There are 4 protein chains.
Amino acid sequence: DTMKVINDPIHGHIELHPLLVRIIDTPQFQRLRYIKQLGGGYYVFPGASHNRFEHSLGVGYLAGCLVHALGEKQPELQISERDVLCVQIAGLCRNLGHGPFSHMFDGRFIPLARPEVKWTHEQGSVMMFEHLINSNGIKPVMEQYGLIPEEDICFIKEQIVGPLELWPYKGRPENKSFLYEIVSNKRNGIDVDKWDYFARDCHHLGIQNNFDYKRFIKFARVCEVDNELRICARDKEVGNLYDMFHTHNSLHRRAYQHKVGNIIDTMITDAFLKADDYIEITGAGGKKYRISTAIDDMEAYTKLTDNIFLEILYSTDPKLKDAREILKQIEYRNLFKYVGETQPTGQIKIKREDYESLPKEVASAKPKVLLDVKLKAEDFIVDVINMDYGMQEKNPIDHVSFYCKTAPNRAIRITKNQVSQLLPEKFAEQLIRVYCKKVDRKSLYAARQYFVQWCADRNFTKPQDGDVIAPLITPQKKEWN
Amino acid sequence: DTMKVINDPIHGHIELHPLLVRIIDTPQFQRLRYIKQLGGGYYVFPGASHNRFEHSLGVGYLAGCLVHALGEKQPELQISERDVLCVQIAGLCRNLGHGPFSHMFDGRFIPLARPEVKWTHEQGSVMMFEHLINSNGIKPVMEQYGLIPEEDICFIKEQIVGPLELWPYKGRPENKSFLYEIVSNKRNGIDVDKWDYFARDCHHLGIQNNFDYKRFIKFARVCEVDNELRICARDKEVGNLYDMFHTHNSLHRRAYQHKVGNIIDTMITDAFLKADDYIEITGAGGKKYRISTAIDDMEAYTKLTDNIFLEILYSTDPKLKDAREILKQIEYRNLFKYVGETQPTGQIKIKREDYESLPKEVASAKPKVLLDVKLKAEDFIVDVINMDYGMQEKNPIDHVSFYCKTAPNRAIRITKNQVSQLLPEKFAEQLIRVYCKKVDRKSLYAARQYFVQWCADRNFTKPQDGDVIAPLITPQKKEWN
Amino acid sequence: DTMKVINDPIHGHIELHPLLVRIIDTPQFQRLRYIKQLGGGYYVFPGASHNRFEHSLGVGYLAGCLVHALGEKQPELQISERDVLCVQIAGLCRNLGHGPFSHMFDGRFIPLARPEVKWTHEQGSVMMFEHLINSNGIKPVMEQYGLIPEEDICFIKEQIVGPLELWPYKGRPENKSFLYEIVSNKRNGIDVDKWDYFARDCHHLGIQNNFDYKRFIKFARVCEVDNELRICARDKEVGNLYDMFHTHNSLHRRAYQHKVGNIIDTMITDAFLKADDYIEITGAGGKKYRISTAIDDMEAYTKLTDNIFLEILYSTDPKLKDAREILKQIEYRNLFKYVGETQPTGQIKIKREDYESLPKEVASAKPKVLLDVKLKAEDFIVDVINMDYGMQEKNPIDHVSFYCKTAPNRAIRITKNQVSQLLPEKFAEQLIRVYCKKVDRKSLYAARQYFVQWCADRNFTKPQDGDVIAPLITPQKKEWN
Amino acid sequence: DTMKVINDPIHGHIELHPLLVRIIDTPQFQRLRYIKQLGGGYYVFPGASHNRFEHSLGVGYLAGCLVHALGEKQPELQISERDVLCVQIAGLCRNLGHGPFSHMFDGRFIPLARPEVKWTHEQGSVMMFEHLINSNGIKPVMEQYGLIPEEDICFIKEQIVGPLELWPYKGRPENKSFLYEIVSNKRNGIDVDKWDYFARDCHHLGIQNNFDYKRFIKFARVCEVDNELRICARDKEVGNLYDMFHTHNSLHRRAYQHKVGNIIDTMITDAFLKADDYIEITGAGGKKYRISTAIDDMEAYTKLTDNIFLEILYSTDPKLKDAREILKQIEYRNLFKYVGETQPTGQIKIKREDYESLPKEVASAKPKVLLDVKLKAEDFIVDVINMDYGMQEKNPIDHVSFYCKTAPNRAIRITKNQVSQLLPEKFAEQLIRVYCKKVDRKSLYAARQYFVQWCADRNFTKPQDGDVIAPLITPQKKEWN
Ligand SMILES: Nc1nc2c(ncn2[C@H]2C[C@H](O)[C@@H](COP(=O)(O)OP(=O)(O)OP(=O)(O)O)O2)c(=O)[nH]1
Ligand SMILES: Nc1nc2c(ncn2[C@H]2C[C@H](O)[C@@H](COP(=O)(O)OP(=O)(O)OP(=O)(O)O)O2)c(=O)[nH]1
Ligand SMILES: Nc1nc2c(ncn2[C@H]2C[C@H](O)[C@@H](COP(=O)(O)OP(=O)(O)OP(=O)(O)O)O2)c(=O)[nH]1
Ligand SMILES: Nc1nc2c(ncn2[C@H]2C[C@H](O)[C@@H](COP(=O)(O)OP(=O)(O)OP(=O)(O)O)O2)c(=O)[nH]1
């Protein structure tokens with residue numbers, strides 16, 4: 001077997017080592033062809049047809065590029081082809097755990113269907129990787145190309161999910177610490193996964209990408225930091241790193257958290273919950289699983305993709321009627337109606353455990369407007385979105401090491417004041433979107449009154465359209481006037 | 001209801017009239033989200049994730065652009081908003097008839113499954129359009145925006161499939177003849193459908209586009225030709241028009257007729273044929289249809305998409321075992337092996353009626369080589385591909401009208417000799433690809449000997465790798481030496 | 001005479017009205033072919049070969065696009081083709097006043113050569129426009145295409161420089177106030193000039209533009225604000241407007257204020273000052289002007305371009321030896337050496353009249369380090385750069401009017417807190433770059449010590465490389481560590 | 001002292017070895033900043049502001065890419081860093097010999113000014129390279145980085161101009177023959193110089209490039225051909241190679257041989273001829289040269305750039321009045337008027353010796369039309385353009401070696417019939433453009449009659465607009481009817 005070339009629209013001609021080809025040509029990997037990268041986003045951005053499969057190839061490619069470039073610039077690092085292949089495999093395989101419509105499945109569906117369980121795509125990726133290796137006799141092939149399966153499978157899993165539990169990693173020692181910063185960077189979030197989707201999502205969405213990963217790679221070096229060898233950026237590049245996170249935030253606002261994209265994801269999740277008792281997925285030993293339980297058996301999970309959406313939509317079973325009708329409403333674009341958006345003020349943060357109480361609170365508000373219809377908790381959806389620079393309220397640039405032209409081996413820190421006074425003072429916030437399941441002109445008018453009243457009651461920010469949608473409510477609040 | 005904006009990666013911000021929105025937001029239209037533009041092409045170009053739906057939006061947009069630009073430059077044409085909307089709807093809806101994996105369904109599957117029937121995606125588009133209109137109460141909405149359903153539905157169908165059957169059209173008179181040249185140009189093949197997929201397919205494939213549709217539109221005018229008003233191009237654009245067809249041919253060789261893309265389409269078609277007796281699709285009145293018969297009932301056809309591939313792949317029914325195993329082999333990349341390509345010489349053209357005889361002919365060849373295994377007709381696939389400039393052997397530029405700067409209202413013809421002696425002397429040819437279902441080293445060696453012998457016997461062109469794959473065979477033929 | 005088409009790499013096919021063609025085809029306009037958009041930037045970004053000429057065509061085009069789009073969406077505005085042509089001419093002509101190397105001439109050279117005079121490129125553009133009109137008999141051509149020269153020439157000049165010599169404008173009344181916001185927006189800086197150079201500079205520099213002007217135009221409307229008709233943006237676009245200024249700041253940091261680009265501009269300015277007594281430029285009546293006085297006669301200024309650089313570089317006159325030697329040093333790349341960058345802390349602002357005292361201050365600093373060479377005021381250059389959102393310390397988004405979907409005719413304001421807590425808290429800052437004219441290793445070491453000491457003395461920010469370039473100095477300051 | 005990074009819009013971040021930096025930072029190299037790549041093309045495509053300097057950096061970069069990729073894939077080639085640097089320097093320096101407005105100088109001006117001399121930009125590049133090396137003490141720096149000046153300077157010159165004189169090269173032996181195919185490919189014209197300008201010119205012109213050099217590099221290998229090691233392409237890539245030359249032809253038609261671009265180059269050449277007696281350029285020992293004689297002294301040639309255009313345009317000397325007036329007419333766009341284009345039929349080829357007789361022939365034609373004005377030889381310009389695939393009438397693909405996947409070390413040939421019957425039957429042709437120096441309506445009408453009559457007399461092709469511009473003439477010729 002020899003190397004294969006793939007032509008990617010983002011990266012151009014990608015060379016794949018024969019071991020990588022063997023991992024890719026499995027049911028467990030090919031499954032990613034049937035999961036949309038941006039899930040419900042496709043229903044708002046018709047260009048966003050792209051699947052997790054091509055994203056995965058790109059992450060593998062970029063992982064290879066970064067590790068190769070470090071090895072070429074700094075031969076003293078003793079980066080081995082074995083190291084390169086392991087970093088490529090981790091890059092290729094870190095998306096294996098995604099379920100139907102990607103972030104909708106682990107972000108929305110599993111939390112509601114299985115509140116007791118703690119599930120992440122990262123955990124899923126490790127389980128599916130193990131299933132891929134074991135089901136397809138990969139370990140012999142790994143040894144053929146000079147890999148140490150016990151050590152290297154551990155190394156690959158650690159790159160994906162972090163320590164599997166003082167140096168906490170078993171796959172590689174402290175002198176190769178920098179290898180763990182490439183595929184999934186737990187220290188500051190600067191990794192090749194972000195670089196691929198920035199470029200790929202933008203290409204498909206019709207938004208332009210402001211971040212130059214190629215420049216970052218050219219200016220990356222490994223330096224000693226606190227007795228670890230770590231990837232350091234050139235001091236001058238600090239502005240571009242702030243801009244990388246700015247780009248991420250912009251993509252979330254414009255696309256990933258698009259108000260309609262989110263409500264379509266919500267409606268699909270509701271359809272999946274109503275279908276969950278009736279859809280059967282055959283796993284290991286012919287045992288039957290549900291959408292919600294396929295995560296417990298990787299053989300079943302292998303066959304759980306966006307297809308479930310079409311199975312429900314095209315079904316005739318009366319049991320699936322309620323689920324089917326929700327998806328049919330999506331096709332007619334009879335969506336739950338966006339009422340508006342607000343933000344908590346100051347340090348106020350809404351907790352996960354409180355999310356279910358929020359619809360009741362909106363319905364409980366007393367507007368001081370004559371209302372045609374009276375709305376109930378069940379008529380409202382409240383979506384809370386945490387927007388940050390990937391480290392909650394921490395500045396990720398405080399967790400980056402830099403080097404200077406005059407001393408390229410010496411790691412330094414750069415503080416925010418050393419860069420620009422025009423940068424963000426805060427690095428996290430919450431967006432609260434409210435929608436109404438009643439699409440009536442009178443119901444929507446009522447929903448707007450409840451919403452703006454709830455905002456005033458809770459001292460949330462004035463909705464941007466507040467003076468138009470609720471002219472009788474907005475005056476009461478002095479902060480808004 | 002008001003206009004909606006869609007952000008497309010190819011076209012940027014597209015405005016959609018509310019009537020267009022109502023047509024788009026139907027099960028019959030949204031179905032195109034679940035049919036890949038390039039079918040098996042996605043399995044060779046991982047970027048080609050794009051579906052018929054986003055292509056359809058683009059064709060609608062470009063149809064609007066061309067008709068608007070003509071109206072702005074030449075108010076004397078009396079192009080009406082009613083005309084603009086009808087051209088947009090035809091552009092939007094000309095892809096409605098595509099089936100699973102697009103050209104695979106009407107190009108490969110239906111011809112083999114239902115040899116008696118004459119089926120085209122164009123015919124399918126007209127039937128699905130009628131079903132869309134009737135199922136969703138569109139006619140009242142058409143009248144609301146100033147359309148006359150009887151005349152305008154006729155006009156839209158005629159733009160898609162041509163005369164429904166001396167001016168042969170009923171939807172519009174001879175003074176609006178140019179409107180029929182926009183969406184599906186039967187005269188010379190220069191239409192907005194080609195312009196969208198050139199740009200869209202290239203964007204996704206990773207291949208570059210060498211055609212400027214925007215320039216064509218800027219230089220397009222309507223002039224009188226033989227008592228018809230027709231779209232004329234500026235004389236100096238003739239080179240760019242030859243290049244447009246050159247681009248089309250390049251995309252076919254590189255992507256649409258990729259040898260592996262074609263064999264994957266062949267293998268999927270074979271799986272569909274083996275599954276056809278057992279897959280049931282519920283149509284009108286709860287009646288059950290097969291993959292092959294869903295084309296007879298638009299309610300059933302509405303639910304026939306690429307999903308059928310996954311229904312088969314994920315099935316447990318023993319009846320579907322043979323179909324399922326073919327798709328599983330695709331996932332393992334255990335594909336039928338490409339043996340080589342040849343061309344007929346001179347005028348020789350192979351017709352469909354003896355396509356089935358070609359595998360037997362290859363197996364019947366007697367290469368003067370000692371062979372380990374002896375191969376049978378059933379072990380060979382022979383794929384014949386007609387490559388042309390869209391009008392069989394004819395030069396489409398002989399069917400284009402031009403105008404000169406000094407007389408912009410006066411239509412002229414331009415001959416090939418007036419342009420360049422570097423242009424093609426022929427405008428059609430055939431490619432013959434041969435594959436072997438036996439994938440072992442000995443069988444592949446034997447297949448290569450049979451193939452090159454068959455080429456020599458039939459006076460076909462010397463395979464490019466002929467001297468390497470069959471060094472004992474190639475010397476016999478003097479034309480090759 | 002009819003419309004001409006120009007193919008621009010940024011905008012594609014641009015249509016130019018015959019009146020626009022007549023203005024463009026003059027010595028006064030064609031002169032912009034010989035002035036680089038980014039001046040010294042070309043010597044750092046080899047792609048930045050682009051001249052003011054092609055920028056001007058783009059500004060004219062975009063001015064036309066915006067005014068046309070407003071007129072199409074809101075016919076009630078009664079925008080006339082006379083209005084469209086006047087806005088296009090202003091867009092085309094607002095760059096006519098630029099001198100050699102663009103911002104270097106009005107930003108650096110004229111302030112030093114002629115401190116008494118107040119000169120701007122805007123004033124220059126008005127003078128050159130008048131000279132263009134009068135020298136080329138344009139007024140008759142304006143009348144031929146329905147313009148009224150007296151009113152319309154006033155309107156065009158007002159669009160370029162603002163109120164010519166209570167509604168302060170004479171060219172158009174308050175009901176056409178929005179027309180003054182297109183070409184040069186004095187209210188908030190959102191104008192088509194910025195949109196062209198963002199896209200054009202990025203195309204040439206090799207950095208990507210993430211501002212979407214086309215989307216802005218689609219969402220622009222005219223609404224009543226304080227008894228004026230003004231351009232309003234859609235409320236939801238507020239994020240993209242913050243991002244537009246973010247983009248502008250990024251382009252300044254990365255390119256326009258590149259430390260080496262700036263020093264090359266400084267060195268060229270110094271060469272021009274030393275050549276100013278000796279270069280003669282023939283103006284009106286054969287009278288002779290200097291580089292510094294050509295601004296006083298538009299006939300002379302017509303012949304003042306980047307060519308002056310080459311006239312000096314290629315000169316043999318002993319009088320020009322000092323000027324010539326500076327330019328020759330640029331070619332050998334031995335330029336003045338960058339020592340470092342610092343910022344004033346908090347609100348501290350360095351005044352224009354204090355700039356010349358700063359080199360003396362650096363030379364006067366007493367670093368507690370043993371020094372091989374002692375440097376003098378003349379050996380230092382101190383460059384102060386004001387970085388802002390185009391309205392000094394003011395937030396330009398406080399000066400933008402928005403509209404909501406539910407009330408598209410009703411203008412609203414949006415405050416920073418209503419948008420995001422991640423946005424800048426400040427909208428202006430100063431960067432201070434220090435360079436040394438002595439390039440030897442010993443002199444550069446000394447320059448670094450003086451610089452970091454000066455920073456500590458003045459409580460400026462710690463240079464990013466401070467611990468490397470001045471390890472003995474940095475410890476003294478506790479704020480730095 | 002270390003590598004420098006340059007951000008190029010085409011190639012992104014380019015790394016330059018310190019030796020390359022030293023060669024670049026010289027008057028002889030920096031001179032290329034003041035010569036437009038496409039000369040008069042800028043006066044038709046305002047985007048084409050790009051200079052020979054940035055093209056040169058790109059050619060150096062791509063030369064490096066190809067040699068590096070071959071070395072990585074085939075270590076057995078024993079490609080050395082010394083080899084890599086020499087190939088990069090040749091790539092960087094092969095444009096050093098270009099004069100004002102690039103191809104205008106060696107294509108039009110020198111042939112007319114100095115008919116006795118044989119001058120090429122390639123010869124100029126070798127002379128300027130020698131001058132660069134000797135003037136700037138480069139030889140010591142070459143030795144510092146492991147080059148052997150005697151052998152390596154020979155090798156570099158040979159890559160640029162071919163043998164300086166059975167193996168005809170002295171710089172490297174037959175086992176490194178493939179190195180001579182990278183920078184300037186005399187065998188088939190497939191070189192990195194073409195790859196850079198295709199991408200760079202397209203970026204600036206606003207035309208799209210359909211050639212993928214990156215793919216070519218990935219599929220390039222070295223194989224033995226007739227006892228030489230040569231670069232071979234993968235068999236499958238033959239289509240893309242035909243397309244590469246198709247792209248080159250398209251760029252020539254659309255841009256490089258644009259009818260107006262060519263006439264502006266003609267008018268500038270005429271201005272240079274009229275100025276040649278009076279412009280003085282100081283060379284070595286203070287000796288004075290003319291535009292036409294600066295090629296004899298590299299010190300003088302160093303100072304001969306596009307600036308000469310502005311020196312003439314801005315001059316006051318009465319001696320330069322005639323030259324100055326031609327350039328002033330260019331600014332007013334009072335260009336010689338395009339009359340039309342024709343082609344010789346069959347094999348007929350117009351010789352260089354005959355070019356001057358062609359204006360007389362047009363003026364001598366007797367159109368059967370009543371004419372207001374009678375035109376003379378001096379009133380006509382006849383421009384003859386040879387359009388080919390870079391090897392006159394030969395197919396360059398007949399001069400390419402390929403390899404097959406089954407035998408990657410075995411070189412093969414591919415014939416045209418093995419590829420496609422849709423490819424060109426001829427690989428060279430001539431375009432004849434005619435212009436009139438008399439621009440008035442009556443003179444232009446007369447010029448059109450003479451031109452179309454001359455075409456009929458000489459059995460040239462029917463002008464595209466023939467029936468519009470000469471309706472009385474076209475009928476006489478029955479080949480045209
Ligand atoms: N731009 C372009 N890409 C192509 C063309 N033909 C194939 N590709 C792309 C599609 C796939 O990503 C890949 C096809 O495989 P390669 O050509 O790299 O060769 P390989 O030997 O790996 O596979 P193969 O046997 O050719 O299918 O390259 C072509 O003519 N042009
Ligand atoms: N390039 C770009 N595209 C955007 C941006 N924001 C949204 N888009 C895309 C998403 C959609 O395809 C289109 C605009 O859709 P909207 O965001 O207005 O969504 P929708 O129509 O559901 O909202 P609305 O009717 O205004 O409540 O453009 C942006 O800032 N930049
Ligand atoms: N992409 C492309 N651009 C072209 C081509 N020929 C010219 N251009 C450029 C030159 C100009 O900037 C622009 C269009 O100008 P034209 O020369 O076509 O002018 P116009 O239409 O007035 O025609 P004319 O020259 O009077 O026959 O496009 C071509 O074949 N392709
Ligand atoms: N893409 C990109 N290119 C940039 C940026 N800033 C500068 N460039 C360009 C300028 C140069 O052509 C190249 C890198 O040069 P540098 O910025 O490193 O400048 P320089 O070598 O003077 O810096 P140094 O001496 O190392 O401090 O990229 C940026 O933010 N993004």
# chains A, B, ... in the order shown; residues from 1 in each chain; ligands from 1
call {"tool": "interface_residues", "arguments": {"of": "chain A", "to": "chain B", "cutoff": "7 Å", "atoms": "only C-alpha atoms", "output": "number ranges by chain"}}
result
A: 7-9, 12, 25-27, 30, 45-47, 49-50, 54, 203-206, 303, 307, 310, 314, 331-333
call {"tool": "write_last_selection", "arguments": {"atoms": "C-alpha atoms", "output": "mmCIF file, in the first residue's frame"}}
result
data_model
loop_
_atom_site.group_PDB
_atom_site.id
_atom_site.type_symbol
_atom_site.label_atom_id
_atom_site.label_comp_id
_atom_site.auth_asym_id
_atom_site.auth_seq_id
_atom_site.Cartn_x
_atom_site.Cartn_y
_atom_site.Cartn_z
ATOM 1 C CA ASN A 7 -8.202 17.202 -3.170
ATOM 2 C CA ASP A 8 -9.839 19.361 -0.443
ATOM 3 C CA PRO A 9 -11.406 22.770 -1.301
ATOM 4 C CA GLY A 12 -5.833 21.616 -1.678
ATOM 5 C CA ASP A 25 -11.832 3.279 5.071
ATOM 6 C CA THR A 26 -13.952 1.850 7.942
ATOM 7 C CA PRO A 27 -17.711 2.036 8.685
ATOM 8 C CA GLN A 30 -17.158 6.839 6.860
ATOM 9 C CA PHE A 45 -27.005 28.886 5.358
ATOM 10 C CA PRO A 46 -27.707 26.668 2.310
ATOM 11 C CA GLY A 47 -23.932 26.510 1.586
ATOM 12 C CA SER A 49 -23.877 21.213 3.394
ATOM 13 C CA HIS A 50 -20.447 20.067 4.713
ATOM 14 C CA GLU A 54 -14.224 16.333 5.383
ATOM 15 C CA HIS A 203 -15.928 28.643 2.751
ATOM 16 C CA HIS A 204 -19.384 26.976 2.974
ATOM 17 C CA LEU A 205 -21.332 29.648 4.976
ATOM 18 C CA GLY A 206 -20.298 32.552 2.671
ATOM 19 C CA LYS A 303 -25.453 3.442 12.508
ATOM 20 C CA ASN A 307 -30.519 9.654 8.527
ATOM 21 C CA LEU A 310 -35.301 11.303 7.341
ATOM 22 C CA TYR A 314 -40.642 9.579 5.841
ATOM 23 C CA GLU A 331 -40.218 21.838 5.924
ATOM 24 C CA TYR A 332 -43.200 24.295 5.734
ATOM 25 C CA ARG A 333 -41.039 26.797 7.727
#
call {"tool": "residues_around", "arguments": {"residues": "residue A:386", "least_positions_apart": "3", "cutoff": "12 Å", "atoms": "only C-alpha atoms", "output": "NGL selection string"}}
result
:A and (107 or 249 or 252-253 or 257 or 343-344 or 349-352 or 383 or 389-393 or 427-433)
call {"tool": "write_last_selection", "arguments": {"atoms": "C-alpha atoms", "output": "compact mmCIF listing (two decimals), in the first residue's frame"}}
result
# COMPACT_ATOMS: atom_id res chain seq x y z
CA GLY A 107 -25.48 19.96 23.28
CA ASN A 249 -16.83 34.81 18.55
CA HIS A 252 -20.70 31.97 16.80
CA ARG A 253 -22.78 35.22 16.65
CA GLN A 257 -25.76 30.58 17.35
CA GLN A 343 -28.27 39.64 28.27
CA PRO A 344 -27.76 39.46 32.05
CA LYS A 349 -24.99 34.14 35.38
CA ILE A 350 -27.90 31.74 34.63
CA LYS A 351 -27.14 28.16 35.81
CA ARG A 352 -27.85 24.94 33.83
CA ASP A 383 -32.38 29.41 24.96
CA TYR A 389 -12.96 32.94 24.44
CA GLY A 390 -12.95 29.17 25.24
CA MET A 391 -11.75 29.47 28.90
CA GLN A 392 -14.92 30.85 30.57
CA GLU A 393 -14.08 34.41 31.85
CA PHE A 427 -14.01 37.35 27.86
CA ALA A 428 -17.41 35.74 28.67
CA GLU A 429 -21.11 36.70 28.43
CA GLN A 430 -24.55 35.05 28.10
CA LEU A 431 -27.19 35.56 25.39
CA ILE A 432 -30.83 34.72 26.25
CA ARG A 433 -33.15 34.12 23.26
call {"tool": "closest_atom_pairs", "arguments": {"of": "chain C", "to": "ligand 2", "cutoff": "8 Å", "atoms": "only C-alpha atoms and all ligand atoms", "output": "JSON lines"}}
result
{"residue": "C:212", "atom": "CA", "partner": "ligand 2", "partner_atom_place_in_ligand_line": "1 (N)", "distance": 6.2}
{"residue": "C:215", "atom": "CA", "partner": "ligand 2", "partner_atom_place_in_ligand_line": "1 (N)", "distance": 6.6}
{"residue": "C:236", "atom": "CA", "partner": "ligand 2", "partner_atom_place_in_ligand_line": "26 (O)", "distance": 7.6}
{"residue": "C:237", "atom": "CA", "partner": "ligand 2", "partner_atom_place_in_ligand_line": "30 (O)", "distance": 6.4}
{"residue": "C:239", "atom": "CA", "partner": "ligand 2", "partner_atom_place_in_ligand_line": "30 (O)", "distance": 7.4}
{"residue": "C:240", "atom": "CA", "partner": "ligand 2", "partner_atom_place_in_ligand_line": "30 (O)", "distance": 5.7}
{"residue": "C:405", "atom": "CA", "partner": "ligand 2", "partner_atom_place_in_ligand_line": "26 (O)", "distance": 6.6}
call {"tool": "select_by_dssp", "arguments": {"residues": "stretch 402-477 of chain A", "states": "strand (DSSP E or B)", "output": "MDAnalysis selection string"}}
result
chainID A and resid 402:404 407:412 424 428:436
call {"tool": "write_last_selection", "arguments": {"atoms": "N, CA and C atoms", "output": "tab-separated table (two decimals), in the first residue's frame"}}
result
chain	number	residue	atom	x	y	z
A	402	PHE	N	5.17	33.26	24.43
A	402	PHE	CA	5.72	33.93	23.23
A	402	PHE	C	7.25	33.89	23.26
A	403	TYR	N	7.87	34.18	22.12
A	403	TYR	CA	9.34	34.36	22.03
A	403	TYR	C	9.62	35.61	21.21
A	404	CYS	N	10.81	36.18	21.42
A	404	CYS	CA	11.27	37.42	20.75
A	404	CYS	C	12.37	37.07	19.75
A	407	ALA	N	15.91	36.47	21.07
A	407	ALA	CA	16.12	35.28	21.94
A	407	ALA	C	15.09	34.20	21.64
A	408	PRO	N	15.17	33.53	20.47
A	408	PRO	CA	14.09	32.66	20.00
A	408	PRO	C	13.83	31.42	20.87
A	409	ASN	N	14.73	31.10	21.80
A	409	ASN	CA	14.59	29.91	22.67
A	409	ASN	C	14.01	30.31	24.03
A	410	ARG	N	13.82	31.60	24.27
A	410	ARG	CA	13.40	32.11	25.60
A	410	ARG	C	11.91	32.47	25.59
A	411	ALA	N	11.12	31.75	26.37
A	411	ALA	CA	9.66	31.94	26.47
A	411	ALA	C	9.37	33.16	27.35
A	412	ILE	N	8.43	34.00	26.92
A	412	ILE	CA	7.98	35.18	27.70
A	412	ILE	C	6.45	35.16	27.77
A	424	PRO	N	-11.07	43.53	24.34
A	424	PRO	CA	-12.15	43.27	25.29
A	424	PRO	C	-11.72	43.37	26.75
A	428	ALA	N	-16.21	36.60	28.63
A	428	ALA	CA	-17.41	35.74	28.67
A	428	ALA	C	-18.66	36.59	28.84
A	429	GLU	N	-19.77	36.10	28.28
A	429	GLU	CA	-21.11	36.70	28.43
A	429	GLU	C	-22.16	35.64	28.10
A	430	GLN	N	-23.41	35.95	28.39
A	430	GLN	CA	-24.55	35.05	28.10
A	430	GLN	C	-25.54	35.78	27.21
A	431	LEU	N	-26.05	35.09	26.20
A	431	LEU	CA	-27.19	35.56	25.39
A	431	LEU	C	-28.41	34.72	25.77
A	432	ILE	N	-29.54	35.39	25.93
A	432	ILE	CA	-30.83	34.72	26.25
A	432	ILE	C	-31.78	35.02	25.09
A	433	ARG	N	-32.15	33.99	24.34
A	433	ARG	CA	-33.15	34.12	23.26
A	433	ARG	C	-34.47	33.54	23.75
A	434	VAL	N	-35.56	34.22	23.43
A	434	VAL	CA	-36.93	33.75	23.76
A	434	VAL	C	-37.71	33.56	22.47
A	435	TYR	N	-38.42	32.44	22.38
A	435	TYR	CA	-39.28	32.09	21.23
A	435	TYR	C	-40.67	31.73	21.74
A	436	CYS	N	-41.66	31.82	20.86
A	436	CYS	CA	-43.07	31.48	21.18
A	436	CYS	C	-43.52	30.37	20.23
call {"tool": "atom_distance", "arguments": {"atom1": "atom CA of residue B:194", "atom2": "atom 11 (C, counted along the ligand's line) of ligand 1"}}
result
22.4 Å
call {"tool": "atom_distance", "arguments": {"atom1": "atom CA of residue B:106", "atom2": "atom CA of residue B:121"}}
result
6.5 Å
call {"tool": "atom_distance", "arguments": {"atom1": "atom CA of residue D:258", "atom2": "atom 4 (C, counted along the ligand's line) of ligand 3"}}
result
8.0 Å
